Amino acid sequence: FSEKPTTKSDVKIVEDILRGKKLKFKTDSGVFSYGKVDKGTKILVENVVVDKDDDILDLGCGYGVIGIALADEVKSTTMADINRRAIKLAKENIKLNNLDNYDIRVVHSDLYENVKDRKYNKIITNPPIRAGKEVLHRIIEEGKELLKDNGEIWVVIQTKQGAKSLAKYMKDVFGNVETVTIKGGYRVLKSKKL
């Protein structure tokens, strides 16, 4: 069931520079990366390559960093999260960054469940880890089904055997995987549909 809480939320406004853009984000203690832009997310956002005609999906968007940082560079952006507070903040953050003139939507979704109304050129995500490898594998396998031909899925994951195990699975599923960057213990992995 759904319920509207009585409890207050802790909010912290954070500014950062991503892809050379000066952005501002309202963050909340009940949402991932409260009070600062996550290092993994920053590395992913700086390294992802997008095309002006791409329809992209920011999976597990939190307060919206990835979608917001890329919105003006692509054709359309869908940000999705299961956390309702996250959804609210991402919508508010679209306004804080003057992106109202772009095709951006924020959708409540348990993984891909509510965003399968279109196909995407890119699926970009900083996936949850404590949730376990089964959820990680699902992000990869179901992701392939939602990508347009030549589409790509981009993930950031903390290095060593974790990134290696996931890369192996991505190669299993897609028939290819590439390490785009390794920085400060984080790896950005990319697989293409084809």
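Numbers follow the displayed sequence, beginning with 1.
Novice: Pick between 43 to 51 and 126 to 134: the one whose mean CA B-factor in the entry is higher.
Specialist: Averaged over C-alpha atoms, the B-factors run higher in 126 to 134.
Novice: Going by the mean C-alpha B-factor recorded in the entry, which is higher: 159 to 167 or 29 to 37?
Specialist: If you average the C-alpha B-factors of 159 to 167 and of 29 to 37, the larger mean comes out for 159 to 167.
Novice: Using the entry's values, work out which of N98, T78, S109, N121 has the largest Cα B factor.
Specialist: By C-alpha B-factor in the record, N98 ranks first.
Novice: According to the PDB entry, is the CA B factor of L23 in the bottom, middle or top third of its chain, that is, lowest, middle or highest?
Specialist: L23: CA B-factor falls in the lowest third of its chain.
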